[PDB]
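First, one chain by itself in structure tokens, the form deposited in one PDB entry.
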């Protein structure tokens, strides 16, 4: 069964534009990332500050911003959690959803920054919203029934040993909340003809979850047969950026090969799981293997690889432009 939305190849002109990274682009992304490169454990003041920063940044871009806040039991007692959901056009029936988690692991060995996990993804979502704002605000006025939505999940990380009850607090809560929130096509702007909408979860057209990004030379694979058509667009976009000579490589005539043109057999627990269980199509943009620094005290700012981050930002901008026809 084919993808419900016909995926129009990005024109060469738009590919080139989305693949440009000005020096002020680098500066803007880095200034954004600075805000996330702090310990932000659930319950903490810096966590509150990060949450408010995400909210303010997106309200400042005229997005609808909602918080899904709740208290939940953990192995460390009751904890406050707040998912941040930003929607460009709330009334649009369908959402291309981009997501990540904004809490950082409470590491028993010491202060843990979680630069890849997931400060970089957080900054990338905000950067996309900011760099594309003009084109997104224009796309919003089309009445075409599609919009962009950014979800910054809280409480992805376990407090103690990972378990089904100790992990994914924010994503489990939100998936449940949206599944139970009933709606229908007649309440929404321009749903696709063959759509089945019974609740808010049905409006998530696909969730692209970014996690553990920022380390050198990540390897991605298609984890889900259901989103192979979408995944293949990332593969194709990356290839064309390389053809166009727009990727940053250590030497001339190398190509990036982040998005493997294959699927892998692997089960990764992450914020997509509660949505996957409710039939939300998932593209999981997480490296395999995980970065070497994963859950170590070395997951920090200096171990990020800036050229890779720039290349990923090009791919993501082109992908959003292609999906939303910006």
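Residues that one form lacks are left out of the comparison. Residue numbers count along the first chain shown, from 1. Rigid core (definition): largest C-alpha set, two forms, superposition within 1.5 Å.
Mean Cα B factor from the PDB record: higher for 128-136, or higher for 180-188? If you average the C-alpha B-factors of 128-136 and of 180-188, the larger mean comes out for 180-188.
Which is higher in the entry, the mean Cα B factor of 171-179 or that of 209-217? The stretch with the larger average C-alpha B-factor is 171-179.
Which of these, 91, 116, 104, 149, has its C-alpha atom at the highest B-factor, as the entry lists it? Within the set 91, 116, 104, 149, 91 shows the top C-alpha B-factor.
Per the PDB entry, maximal CA B factor within 195, 83, 242, 87: The listed residue with the largest C-alpha B-factor is 195.
Divide the modelled residues of the chain into thirds by Cα B-factor and specify which third, lowest, middle or highest, holds residue 233. Tercile = middle for this residue's CA B-factor.
Where does residue 10 sit by CA temperature factor within its chain: lowest, middle or highest third? For residue 10, the deposited C-alpha B-factor lands in the highest third.
Name the third of the chain's ranked CA B-factors that contains residue 20, choosing lowest, middle or highest. CA B-factor rank for residue 20: highest third.
Check where residue 78 lands among this chain's C-alpha B-factors and tell me if it's the lowest, middle or highest third. CA B-factor rank for residue 78: highest third.
For the chain shown, is the CA B-factor of residue 203 in the lowest, middle or highest third of its modelled residues? Its C-alpha B-factor, which the entry lists for residue 203, ranks in the middle third among residues of this chain.
From this point on, the text means the form deposited in another entry, which you will not see here.
Can you tell which of 44, 296, 264, 260 moves its Cα by 2 Å or more between this form and the one not shown, with the two forms laid on the rigid core? The one that moves 2 Å or more is 264.
On a rigid core superposition, would residue 65 pass a 2 Å threshold for CA movement between this form and the one not shown? No; residue 65 is a residue whose C-alpha shifts by less than 2 Å between this form and the one not shown when the cores are overlaid.
Cα displacement of residue 273 between this form and the one not shown reaching 2 Å, rigid core superposed: Yes; residue 273 is a residue whose C-alpha shifts (by 2 Å or more) between this form and the one not shown when the cores are overlaid.
Since the CA distance of residue 270 and residue 82 differs by 3 Å or more in that other deposited form, is it closer or farther than in the form displayed? Note: Cα gap between residue 270 and residue 82 widens in that other deposited form.
Looking in that other deposited form, decide if the C-alpha atoms of residue 229 and residue 264 are closer or farther than in the form shown; they differ by 3 Å or more. So the answer is closer.
Can you list the runs of 3 or more residues whose CA atoms move by 2 Å or more between this form and the one not shown, with the rigid core superposed? Moving stretch: 263-273 alone.
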